[PDB]
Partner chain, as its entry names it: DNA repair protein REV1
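Presented below, as structure tokens, is a lone chain in the form deposited without the partner chain.
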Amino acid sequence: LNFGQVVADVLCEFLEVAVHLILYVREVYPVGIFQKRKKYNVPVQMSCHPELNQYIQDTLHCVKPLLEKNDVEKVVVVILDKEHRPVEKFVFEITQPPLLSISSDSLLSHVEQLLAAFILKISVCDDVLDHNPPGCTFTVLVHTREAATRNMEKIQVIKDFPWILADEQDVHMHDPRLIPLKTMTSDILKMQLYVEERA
């Protein structure tokens, strides 16, 4: 029983809900494709677009093996402008502790309560951020652990869904404004969510 995989499963399920909600509250896609649902006993917005949904799944299916090995330092949803310059970065800083502690109080109910606080802070974030310019798109970037083995080929999990090294153009954000969202420390996960935004 590999609890690092248990943690990776919780993260990918959460990261899907989070990416969906980010695309909603940042209006990256039209509001019509989104449906109001409840996850972690908290209101969320899931897109019903089949190919957008498959794109997020393929991305996270690829990230998951790296999460299972604790080889991921950041998962970043980056929002591009019409000219492909980054406007905002939604940085999910992730690290499992050196030894995971699995309590039988309730592993699940309390990590989900902690993740629920992340969902609520995302919802209200469009009262602090400036409205993005029209025609924005998004991208997911994965920062791998300092010493990680051949991650470029471990992340190629989905057929015909390749990965690449990002450019400096994909990440360039000189002197941004920092918007902390939520920080959790559990006996299975330390996660930081904050937003960098173009000055």
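Residue numbers count along the first chain shown, from 1.
Keep in mind the form solved in complex with the partner chain is missing from the figure; the text below concerns it.
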query	finding
Contact label in the deposited bound form: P162 to the partner chain, heavy atom within 4.5 Å	yes
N41, heavy atom within 4.5 angstroms of the partner chain in the deposited bound form	no
Heavy atom within 4.5 Å of the partner chain in the deposited bound form - qualifying residues of 143 to 160	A147, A148, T149, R150, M152, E153, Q156, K159, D160
